[PDB]
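Asker: this is the structure alone, sequence omitted:
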């Protein structure tokens, strides 16, 4: 499996390197040559790893859902809720600058020359994760922690917050909160986990 | 006297009439001529009370803040919290399409070199309202309701939600949330009043 493991290493750095390159400067402002030079493998191996620039885009967005999927222990026997729900909220807001980037890339790629094999593969896992989210809510309404209301009361709520906070970390002058301020983050985590919780 | 009250009818009604027209039709798709006929008076009549269409915009946004100002009963000594905290959120989300209308209207022409005589009054009234909000936040940490963290931790949360919900009340598929479910509102109300509260 040795020829395999160094393939995955080379491929991963190119993915980690590239993400900084889009997040730094600009999403459109990078090319394979910049990513090739940032890793220094001379624009030929990266070609073998990923055929096009757009392929890296979705491979990032695919892997983003793979980790959110991996966060969901996916086997729903007992296990601790809330804490997984916290791991959810921590995950959604961990890189608000990355969040808005991925929205741009889906709006970019899907309309313009989408490589649909990964786009159509993507929506499947996104809809698969959505199911696991609504499932996570139902188990939490069953225990009695969360309030007994339709699960789209909640999944829309958990969506409205995460959409607003990322809009906070972005639109105005709140560059104070964006960097450091781990007491707003863990405060914001407690906001989501305690959102809709029942009080007698 | 009797001579006074009839000024207020035209101004109030035409503004109340007009506000509905933008939300139904479009903010830019309407003109004073339609608004003159929507209540059925001469355009010349509207002209004396209100100068141009673009100026009509801010008088709504001013009155929206004028009512929010009146809501914070700094006149009153007692000062009932929580219900005022709900009255805040109830006020902010009662017309989420109007919030985006005012947000969109600010994004539109009024921001760029149009009737600034009215524009700076808004910032003054908005910044004055901001004071009463952060004041209400601090007073509620005094009682022990909110968690003891810097008082704009909460104003940032309460802003991120209200920005997300308005984006939800605007989300593509949610035509039910506005009129079918009145129980989603009271769900968010219990969410807002109980947002950031301290535990044992």
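Answerer: Yep, it's here. Residues are numbered from 1 along each chain as shown, chains lettered A, B, ... in the order given.

Asker: is the closest residue to residue A:145 other than its chain neighbours in a bridge, and if so with what?
Answerer: Residue nearest to residue A:145 in three dimensions, not counting chain neighbours: residue A:197, with 6.0 Å by C-beta to C-beta, 6 or more residues apart in numbering or on different chains. (C-beta placed from N, C-alpha, C; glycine too.) Beta-bridge pairing for residue A:197 (DSSP bridges): residue A:146.

Asker: give me the number of residues near residue A:197?
Answerer: Residues lying near residue A:197 (other C-beta atoms under 10 Å in any protein chain shown) number 15.

Asker: dump the residue contacts of it.
Answerer: By C-beta atoms under 8 Å, 6 or more residues apart in numbering or on different chains, the contact set of residue A:197 is A:145-147, B:194.

Asker: which non-adjacent residue is nearest the residue minimising distance to the centre of chain A?
Answerer: Ranked by distance to the mean C-alpha position of chain A (C-alpha atoms, centre = their mean), the top residue is residue A:64 at 4.3 Å. Nearest residue to residue A:64, sequence neighbours excluded (C-beta to C-beta, 6+ apart): residue A:102, at 6.7 Å.

Asker: that neighbour contacts residue A:61, doesn't it?
Answerer: Yes: contact criterion C-beta atoms under 8 Å: residue A:102 and residue A:61 qualify, at 5.4 Å.

Asker: neighbour-wise, which of those two wins?
Answerer: Between residue A:102 and residue A:61, counting by other C-beta under 10 Å, residue A:61 is the more crowded of the two (21 against 17).

Asker: which SSE is that one in?
Answerer: Per DSSP states H and E: residue A:61 is located in helix A:53-71.

Asker: in terms of secondary structure, what does that helix contact?
Answerer: On a contact count with 3 or more C-beta pairs under 8 Å, 6 or more residues apart in numbering or on different chains; DSSP states H and E, helix A:53-71 meets helix A:2-23, helix A:83-92, helix A:96-111, helix A:116-143.

Asker: how about stretch A:48-63, which residues are buried there?
Answerer: By neighbour count on 16 or more other C-beta atoms under 10 Å in any protein chain shown, the buried set for stretch A:48-63 is A:49-50, A:54-62.

Asker: include distance to residue A:119 when you put the residues you listed into a markdown table, please.
Answerer: Conversion of the buried residues of stretch A:48-63 to a markdown table gives the following (distance: C-beta to C-beta, whole Å):
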| residue | distance to residue A:119 |
| --- | --- |
| A:49 | 20 |
| A:50 | 15 |
| A:54 | 10 |
| A:55 | 11 |
| A:56 | 14 |
| A:57 | 10 |
| A:58 | 7 |
| A:59 | 12 |
| A:60 | 13 |
| A:61 | 9 |
| A:62 | 10 |
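
Asker: for those residues, work out which two are farthest apart.
Answerer: In the buried residues of stretch A:48-63, two members sit farther apart than any others by C-beta to C-beta. They are A:49 and A:61, at 16.8 Å.

Asker: near chain B, which residues of chain A are found?
Answerer: A:147, A:149, A:153, A:156-157, A:159-165, A:167-168, A:174, A:177, A:183-184, A:187-188, A:190-191, A:194-197, A:199 (C-beta under 8 Å from any C-beta of the partner chain).

Asker: at 7 Å what do you get?
Answerer: Chain A comes close to chain B at residues A:149, A:153, A:156-157, A:159-161, A:163-165, A:167-168, A:177, A:183-184, A:187-188, A:191, A:195-196, A:199, as judged by C-beta under 7 Å from any C-beta of the partner chain.

Asker: which of the residues you listed are buried, as a ChimeraX select command?
Answerer: Buried subset of these, written as a ChimeraX selection, criterion 16+ other C-beta under 10 Å:
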select /A:149,153,156,157,159,160,161,163,164,165,167,168,177,184,187,188,191,195,196
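
Asker: which of the buried residues of stretch A:48-63 sits closest to residue B:140?
Answerer: Residue B:140 has its nearest neighbour among the buried residues of stretch A:48-63 in residue A:61, at 40.8 Å by C-beta to C-beta.

Asker: and the gap between that closest one and residue B:131?
Answerer: Look at residue A:61 and residue B:131: by C-beta to C-beta, to the nearest Å, they are 43 Å apart.

Asker: again with residue A:51
Answerer: Distance from residue A:51 to residue B:131, by C-beta to C-beta: 57 Å.

Asker: cool, residue A:49 as well?
Answerer: Applying C-beta to C-beta to residue A:49 and residue B:131 gives a distance of 56 Å.

Asker: just the buried residues of stretch A:48-63 now: which is nearest chain B?
Answerer: Ranked by distance to chain B (C-beta to the nearest C-beta), the buried residues of stretch A:48-63 are led by residue A:61 at 20.0 Å.

Asker: that closest one contacts residue A:119, doesn't it?
Answerer: No: Residue A:61 is beyond contact range of residue A:119, at 9.2 Å (criterion: C-beta atoms under 7 Å).
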